[PDB]
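First, one chain by itself: the form deposited in one PDB entry, in structure tokens.
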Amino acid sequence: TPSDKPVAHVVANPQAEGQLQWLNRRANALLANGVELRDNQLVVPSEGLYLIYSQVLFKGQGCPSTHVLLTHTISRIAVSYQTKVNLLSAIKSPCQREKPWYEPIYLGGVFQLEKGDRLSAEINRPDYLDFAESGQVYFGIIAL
């Protein structure tokens, strides 16, 4: 008796130059029970409470120089609306003073979502993204 609960766990494309592109067409990545991936967005199949999450890993070869801001945000666009309203968001400054550094950003929470809602997981600096290993950059939803 499989669960008919809308789920998604999409991973970053390690090929995408200067961007964060999500894939469902990889090992241990899924899109099930009505969830779609259109224009780098997860599309909500039906109303209900959902658990929403994302992780991104940033890496830079030494802090030198100038102050860097790393944002990671999960946004929602309701049906008939156009602008992304932020659900979860984090701003990290990895530079103390101007040796490789690492900053993981984990966002997660519970949200009531509507049919046709489009969800985005975005970063401001894809030049700092790290996908050497698997499991480092992901985005998903779990229908409760």
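Residues carry their position along the shown sequence, with the first being 1. Take the two forms, superpose them, and find the largest set of C-alpha atoms that agree within 1.5 Å; that set is the rigid core. Shifts are known only where both forms have a C-alpha.
Chemist: Taking the other compared PDB entries with both flanking residues modelled, is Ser93 unmodelled in at least a third?
Modeler: No; none of the other entries leave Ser93 out.
Chemist: Quick test of your reading: does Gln61 have no coordinates in a third or more of the other entries compared?
Modeler: No; none of the other entries leave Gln61 out.
Chemist: Does the entry skip any residues of the deposited sequence between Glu98 and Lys99, and if so, is it 1 to 3, 4 to 9, or 10 or more, or none at all?
Modeler: Per the deposited record, the segment joining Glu98 and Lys99 lacks coordinates for 4 to 9 residues.
Chemist: With reference to the PDB entry, specify whether the mean Cα temperature factor is higher for 25 to 33 or for 64 to 72.
Modeler: Stretch with the greater average CA B-factor: 64 to 72.
Chemist: Averaging CA B factors per stretch from the PDB record, which one is higher: 89 to 97 or 111 to 119?
Modeler: According to the PDB entry, the answer is 89 to 97.
Chemist: Lowest, middle or highest third: where is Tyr106 by C-alpha B factor in its chain?
Modeler: Lowest third - that is where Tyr106 ends up once the chain's C-alpha B-factors are sorted.
Chemist: Going by the CA temperature factor in the PDB record, which third of the chain does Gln15 belong to: lowest, middle or highest?
Modeler: It belongs to the highest third of the chain when residues are ordered by C-alpha B-factor.
Chemist: Please say which third, lowest, middle or highest, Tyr81 falls into when its CA temperature factor is compared across its chain.
Modeler: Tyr81: CA B-factor falls in the highest third of its chain.
Below, we turn to the form deposited in another entry, even though it does not appear here.
Chemist: Tell me whether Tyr106 is among the residues that move between this form and the one not shown (Cα shift of 2 angstroms or more, core superposed).
Modeler: No, the C-alpha moves less than 2 Å.
Chemist: How about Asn124 - superposed on the rigid core, does its CA move between this form and the one not shown by 2 Å or more?
Modeler: Comparing forms between this form and the one not shown, the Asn124 CA shifts below 2 Å.
Chemist: Where the Cα shift reaches 2 Å or more for at least three residues in a row, which ranges qualify between this form and the one not shown on a rigid core fit?
Modeler: Runs moving 2 Å or more: 80 to 83, 133 to 136.
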